[PDB]
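Asker: The structure's right below; bear with me while I get my questions together.
Every number here is computed from the coordinates shown, using simple stated rules; none is lab data. Cβ coordinates were reconstructed from backbone atoms using ideal geometry, including for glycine residues, and neighbour counts include every protein chain displayed.
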Number of protein chains: 2
Amino acid sequence: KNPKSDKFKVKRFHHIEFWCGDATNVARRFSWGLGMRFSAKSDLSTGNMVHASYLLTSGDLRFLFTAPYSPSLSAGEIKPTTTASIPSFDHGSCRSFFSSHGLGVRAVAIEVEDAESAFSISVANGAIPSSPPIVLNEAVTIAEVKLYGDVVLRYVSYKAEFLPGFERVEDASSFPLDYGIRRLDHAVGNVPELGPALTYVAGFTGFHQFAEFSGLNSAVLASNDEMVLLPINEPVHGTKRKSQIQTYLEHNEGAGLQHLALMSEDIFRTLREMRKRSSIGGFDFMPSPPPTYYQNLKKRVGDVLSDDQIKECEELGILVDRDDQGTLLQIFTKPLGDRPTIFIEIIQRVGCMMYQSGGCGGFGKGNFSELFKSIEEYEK
Amino acid sequence: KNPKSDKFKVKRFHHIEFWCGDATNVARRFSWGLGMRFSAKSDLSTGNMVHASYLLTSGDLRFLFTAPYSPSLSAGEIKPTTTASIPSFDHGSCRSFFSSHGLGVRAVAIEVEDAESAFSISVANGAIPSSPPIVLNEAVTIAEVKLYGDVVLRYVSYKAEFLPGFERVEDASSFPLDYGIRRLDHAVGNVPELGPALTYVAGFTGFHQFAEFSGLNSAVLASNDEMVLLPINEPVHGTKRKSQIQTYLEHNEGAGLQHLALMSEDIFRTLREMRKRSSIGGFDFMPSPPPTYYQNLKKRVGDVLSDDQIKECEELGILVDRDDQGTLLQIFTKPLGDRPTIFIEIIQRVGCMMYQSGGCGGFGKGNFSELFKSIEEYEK
Ligand SMILES: Cn1[nH]c(-c2ccccc2)c(C(=O)c2ccc(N3CCCCC3)cc2[N+](=O)[O-])c1=O
Ligand SMILES: Cn1[nH]c(-c2ccccc2)c(C(=O)c2ccc(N3CCCCC3)cc2[N+](=O)[O-])c1=O
Ligand SMILES: [Co+2]
Ligand SMILES: [Co+2]
């Protein structure tokens, strides 16, 4: 059931913003590791004396990396005279965020019809304001409300190229990397208590529960067309293996964004290219499942994947799961930085053709029982 | 003249330590960009609840990248019970350093005969103590004194693999990159006032002035065999083109390390490999000199380099200069991070064979007049 109860018109995910201490090094690492092109910049060379911001793109996926300069460069400025291109940015908030959480996501940004209306309706419905609507060059409106922890949900609306004040990067500095990643599929938060978090977010957005079918409890909030998907996890205490959600909260100093799932148009190519680079500056992946898991895949998905395509899943360590409506190919990176906090999922979905409907195949819940069972089978 | 006046026995440069906010991303970027292998680690996986430290090596060059974890992970510890592998590390100092200066060098480390004696003699001769001698696993002694700004000179002595508590990295995580870089040739600091800085450092080390032959004034301090070389720059005010040393001090929030010069055993190969990667996660280089500069190179170094080797310098944008005793090949990267502060020089020296004596060919001072003249010639 989808009650289509969004309180304002939401389009798609627009970008993800990481707060960094050095945006250059993180952006360059991510570009090489994920196959994203340097697309736009806002920094000293564009007149921004406040923050350095670099945008990476792959298809429709937009990753923004921002770090603060010395406050001394802008000590004469006031908000009416700011040279910042993102008016919500604050030196103190950014340093506080990075020192507290380490490298991580500050903003989950969605495109909406009218960011000023989205902000007003959100706050009228319980959202905690973080940055009021600001109109940039009479062309784009940006506003922010608290999502969970120190992560904000950012609303962006366009009257009619990223943001005003950003410049397109020179072709000589912009290498056309592409490993097949095309868009953000979902963004997942970890919180201490799931119930109050869902009630809060569903309260101000009108997002509905998407619904599925040890360690954690989870639920997914979804927009009207189910293209904006926001899962939230809470820990389950008292187990034998300590909850990785609890480990996250401890190392992150509280709630925050746990993983970003990036859709690939060709997950085999994406993983071939990412694994080639794991030990030369890119990203590492979680350990691969035992061969008995792939032995059991023919029995579950052998009507969706050929034997050759399943052994190709085995070569790259890809996991497969299936809903009642579609099939899911997925795999997870090791944490993106020093702390065992944020990581990336690469995903491809097959089925649910109308365009493809959102969340086709689910989020992999069935792989939990399957891997425990595969662990027992490999031991035998 | 070399009075050989070192107040204690100094061996060679040992390592350079960067203080980061995320050591993983900076280390991975530097590894790919410079061709350095991941050699050793000290982090959560090695029991260090205090800081993440990753060591990159190329030949004898050692780059260490360190970032703090949440202080909460080690709140029960005291210095006698620390799980830190570098006992001088302090969460507050590191966060203060990165928030003030951005990504940069915290420690210039030299190997000495006896770090406890080096520390004692240094402080007895005016050095400001930063961290007292500490013996690690009855095997290595580490001590630190202030050098300039928030940069420390770190003394390391070995009774007899980097430091105790560091583990060798798994072969699967350690790709044998190598672009030909072999050792640190010199490390250069920027200060507001050159005279007091030289008097201070030469005062506690016994290092002597190495001696050469607009924008800045400079002098080089050298150890007994002139293998540890520490140039220091000050700005010259009142020019037309504002002093890049002054720009450094402004963007860095004061004195600090300006550039690291890395010796290559094959500067042509190093630059071919580094330039291949500039736009795919590596390092960018300064603009190349006009063709008239290379037209003038035959007249100055045509007895040292063949015509083919000079046009190869032109392809890669390499600068050449010569002392009365040797020849210098050099080139400079753009700044390593967000701020226009620290950068890298790649260097190769030819001549001065006994082994090669330190500083053979100088540091490139003659290229200043040459490029101004090349600028005038290209315009014509
Ligand atoms: C919304 N939603 N829920 C899960 C989810 C999490 C844990 C159990 C069930 C469902 C999402 C995932 O992405 C996900 C899927 C499978 C995973 N594993 C394979 C099986 C054994 C355990 C590890 C790990 C993750 N993960 O969260 O890292 C997700 O997006
Ligand atoms: C100890 N010492 N002194 C210099 C030095 C600096 C500036 C003028 C003269 C000497 C050192 C250098 O490395 C260096 C050499 C040549 C450079 N350029 C080529 C000619 C036109 C200006 C730019 C830039 C740098 N630099 O400092 O970036 C150095 O190590
Ligand atoms: Co997921
Ligand atoms: Co130099």
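Asker: List, in order, the whole-Hz ³J(HN,Hα) value for each residue of the range A:126-139 obtained from phi through the Karplus relation with A = 6.51, B = -1.76, C = 1.60 and θ = phi - 60°; use x for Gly and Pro.
Answerer: The phi angles translate into x, 5, 8, x, 10, 8, x, x, 10, 9, 9, 6, 6, 9 Hz.
Asker: Please give the charge dipole size of the protein assembly as shown, origin at the Cα centre, charges +1 on K and R Cβ atoms and -1 on D and E Cβ atoms. Round to the nearest 20 debye.
Answerer: In debye, rounded to 20, the protein assembly as shown gives about 80.
Asker: In the range B:90-134, what GluC sites (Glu not before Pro) fall in a loop by DSSP, with at most 16 other Cβ atoms inside 10 Å?
Answerer: Passing sites in the range B:90-134 are B:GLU113.
Asker: So what is the calculated 222 nm ellipticity per residue for chain B, using -39500 (n - 2.57) for each DSSP H run with n of 4 or more, over all residues, to the nearest 500 deg cm²/dmol?
Answerer: -7500 deg cm²/dmol
Asker: Let me ask something additional. Once label points are set 7 Å from the Cα along Cα→Cβ at both B:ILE78 and A:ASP303, what is their separation, rounded to one decimal in nm?
Answerer: Label-label distance for B:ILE78 and A:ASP303, simple model: 6.8 nm.
Asker: Place a point 7 Å from the Cα of B:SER357 along the Cα-to-Cβ direction; which residues of the range B:1-26 have their backbone N under 17 Å from it?
Answerer: Output list for this probe position: B:1-5.
Asker: Sort the range A:62-180 into rounded, prolate or oblate with this rule: let a ≥ b ≥ c be the square roots of the eigenvalues of the Cα gyration tensor; rounded if a/c is under 1.5, and if a/c is not under 1.5, prolate when a/b is larger than b/c, oblate otherwise.
Answerer: Verdict is rounded for the range A:62-180.
Asker: Taking every residue in A:25-37, how many Cβ atoms of other protein chains lie within 10 Å of its Cβ, on average?
Answerer: That average works out to 6.
Asker: If you don't mind, there's one more thing I want to ask. For the charge dipole of the range B:285-340, defined by +1 on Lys and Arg C-beta atoms and -1 on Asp and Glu C-beta atoms about the Cα centroid, which residue among B:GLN330, B:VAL301, B:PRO287 has the Cα displaced farthest towards the positive pole?
Answerer: Value: B:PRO287.
Asker: Amide H of B:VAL228: which non-local residues (sequence gap of 5 or more, or other chain) have their own amide H closer than 5 Å, using H built in the peptide plane?
Answerer: It is B:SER223, by chain and number.
Asker: I'd like the isolated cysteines in chain A, meaning no second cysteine's beta-carbon lies under 4.7 angstrom from theirs.
Answerer: Lone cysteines by the Cβ rule: A:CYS20, A:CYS94, A:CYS313.
Asker: Report, by chain and number, residues whose modeled amide H sits under 5 Å from the one on A:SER157, excluding near sequence neighbours (fewer than 5 apart, same chain).
Answerer: When sequence neighbours closer than 5 places are left aside, the close amide H contacts are A:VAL112, A:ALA115, A:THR141.
Asker: Taking each residue in A:278-287, count the Cβ atoms of any other chain within 10 Å of its Cβ, then average. What number comes out?
Answerer: Averaged over the peptide's residues, the number is 5.
Asker: Using the Karplus curve 6.51 cos²θ - 1.76 cosθ + 1.60 with θ = phi - 60°, work out ³J(HN,Hα) for each residue of the range A:343-351 in order, rounded to whole Hz, and write x for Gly and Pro.
Answerer: Whole-Hz 3J(HN,Hα) from phi for the range A:343-351: 9, 10, 10, 9, 9, 9, 10, 10, x.
Asker: State the Cα centre-to-centre distance between the range B:278-351 and the range B:1-31 in whole Å.
Answerer: 23
Asker: Can you give the three extents of the C-alpha atoms in the protein assembly as shown along their principal axes, from longest to shortest, in whole Å?
Answerer: The Cα atoms of the protein assembly as shown stretch 87, 63, 49 Å along their principal axes.
Asker: How many nm is it between the label spots at B:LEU136 and A:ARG12, if each spot is 7 Å from the Cα in line with the beta carbon?
Answerer: Each label point is offset 7 Å from its Cα along the Cβ direction, giving 5.0 nm.
Asker: From the Cα gyration tensor of the range B:177-274, with a ≥ b ≥ c the square roots of its eigenvalues, which class applies: rounded if a/c is under 1.5, or else prolate if a/b is larger than b/c, or else oblate?
Answerer: oblate
Asker: Here is a follow-up. Which of B:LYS240/B:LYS373; A:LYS41/B:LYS334; A:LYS79/B:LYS334; A:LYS240/A:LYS299 have a Cα-Cα distance over 22 Å?
Answerer: Cα-Cα > 22 Å for A:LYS79/B:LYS334; A:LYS240/A:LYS299; rest within.
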